[PDB]
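Asks: I would like the atomic coordinates for the input below:
(chains A and B)
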Amino acid sequence: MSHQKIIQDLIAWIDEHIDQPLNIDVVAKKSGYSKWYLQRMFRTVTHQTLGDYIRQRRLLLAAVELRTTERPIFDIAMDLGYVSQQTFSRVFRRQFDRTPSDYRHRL
DNA sequence: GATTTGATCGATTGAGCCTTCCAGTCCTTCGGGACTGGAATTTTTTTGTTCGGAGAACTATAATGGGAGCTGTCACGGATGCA
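Replies: Residues are numbered from 1 along each chain as shown, chains lettered A, B, ... in the order given. For reference, the structure is listed below:
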């Protein structure tokens, strides 16, 4: 099996258990690889970060789960990768130049 | 609820550490799928012998008419063949 098939399955791996408390080290058990072999191969194809990749969409899916539902932000930290809200809001201001609170108020 | 700061898990990746994925080439080895001579075997028809079989003429005292066990009791009738 060539390597361009695996990252097609690696992105067919991730988007189904984002509401789960998921990490990179369980991907390496499911893909059988080591913990380090995931992060070299993503740069030949995407030229982005795969360590922050599973952390990017826990903003992007909390950009619709907070947006559609009436969920408050202090349960997003304990499940979607963090421990407190003071770090979750900072990753948003580097990505899309916004704060989480005034992200919904903009119709 | 929005942000400011210290260090540390992870690992931005960079090199550095190690055999297999598999086209099938080829190998010496060997009984199968090619039909075969030659040698054995067994009938399958063929040849022949011969004992019984079986067909056949002849048998010269004189012998000159059978019945031979039948039909033991249906009676009514419809045409018949005489008369």
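Asks: spell out which residues of chain A are next to DNA strand B.
Replies: By C-beta under 7 Å from any atom of the strand, the residues of chain A that approach DNA strand B are A:24-25, A:35-36, A:39-40, A:42-43, A:48-52, A:72-74, A:85-86, A:89-90, A:92-93, A:99-101. (C-beta placed from N, C-alpha, C; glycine too.)
Asks: any idea how many residues pack against residue A:88?
Replies: By the criterion of other C-beta atoms under 10 Å, residue A:88 has 20 neighbours.
Asks: for residue A:76, same thing?
Replies: Burial of residue A:76 is recorded as 20 neighbouring residues (other C-beta under 10 Å).
Asks: got phi/psi on the nearest residue to it once chain neighbours are set aside?
Replies: Closest residue to residue A:76 apart from its sequence neighbours, by C-beta to C-beta, 6 or more residues apart in numbering: residue A:62 at 5.2 Å. When read as degrees, to the nearest 10, the backbone of residue A:62 gives phi -80, psi -10.
Asks: and what of residue A:77?
Replies: Note on residue A:77: backbone dihedrals following degrees, to the nearest 10 are phi -70, psi -40.
Asks: which stretches of chain A form helices?
Replies: In chain A, the segments counted as helices under DSSP state H are A:3-14, A:24-30, A:37-45, A:53-60, A:62-68, A:76-79, A:85-95, A:101-104.
Asks: quick check: the residue nearest to residue A:76 vs residue A:29, distance?
Replies: Residue A:62 sits 26 Å away from residue A:29, going by C-beta to C-beta, to the nearest Å.
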